[PDB]
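Below sits a lone chain in structure tokens, taken as the form deposited in one PDB entry.
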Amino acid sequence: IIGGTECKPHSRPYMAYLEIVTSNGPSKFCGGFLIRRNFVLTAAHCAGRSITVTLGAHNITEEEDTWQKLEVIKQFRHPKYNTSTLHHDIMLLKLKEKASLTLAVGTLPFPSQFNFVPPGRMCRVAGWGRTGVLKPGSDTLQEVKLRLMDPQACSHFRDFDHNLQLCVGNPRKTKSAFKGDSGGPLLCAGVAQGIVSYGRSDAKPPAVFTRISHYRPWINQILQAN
């Protein structure tokens, strides 16, 4: 998160910190969010051989009693995900066990297909990602408020599709989701509307978010069968 502030600890109890491993080499990290006691939503591009989710965290370097660290047992990457367009950058993660609902660990409501969110409104996103192009990832959960932009503001992203994607962050400001925030939720007036997908390497906003409402049928299909 660039230009954000430290979250009040545990104030976003659906947040999931994902550590993604592929044999021997270093791990990668993403955000995500708890939508059922045993399901986490994140971005498709965060997939990997094995994934550990940490729930109940604030400072990800300091174990605490609020932590519930759970292994992912199955990954459901959207079947139409494509790496040229990054369309359908969405994935569900089934956890080995159901999380315990506590003040620090809870689920986030996801939208009906009709609830289609429009340009000009301010939304919030949180994450543990980098705080600048050449800055470290953040040990503490950070949040920032960003403007939903018209699709034209995202015209330089390959085949930006307003039905599938949200365009997020006023280009006149430096405030933005960034590397390591992928998979985190975008909330608009307390309701989850987007998932951080991708943006510019140089951190110039806006960035592209998956529009969750479009995917409600697919999400329902996975949740019903699993």
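Counting begins at 1, following the sequence as shown. Only residues modelled in both forms are compared. Superpose the two forms; the largest set of C-alphas matching within 1.5 Å is the rigid core.
Although not depicted, the form deposited in another entry is the subject of the following passage.
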(message) Which single residue of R147, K94, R130, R77, after superposing the core, moves its CA by 2 Å or more between this form and the one not shown?
(response) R130
(message) Please determine whether the C-alpha atom of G190 is displaced by 2 Å or more between this form and the one not shown following superposition on the rigid core.
(response) no
(request) Superpose on the rigid core, then tell me if the C-alpha of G106 is displaced by 2 angstroms or more between this form and the one not shown. (result) no
(request) Align on the rigid core first; then say whether the Cα of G25 has moved by at least 2 Å between this form and the one not shown. (result) yes
(request) Taking the shown form as the reference, report whether the CA atoms of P151 and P111 lie closer or farther apart in that other deposited form; the distance changes by 3 angstroms or more. (result) farther
(message) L186 and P111: their C-alpha distance differs by 3 angstroms or more in that other deposited form. Do they come closer or move farther apart compared with the shown form?
(response) farther
(message) For a quick check of understanding: after superposing on the core, name the runs of at least three residues, shared by both forms, whose CA atoms each shift 2 angstroms or more between this form and the one not shown.
(response) 23-26, 109-114, 130-137, 177-180
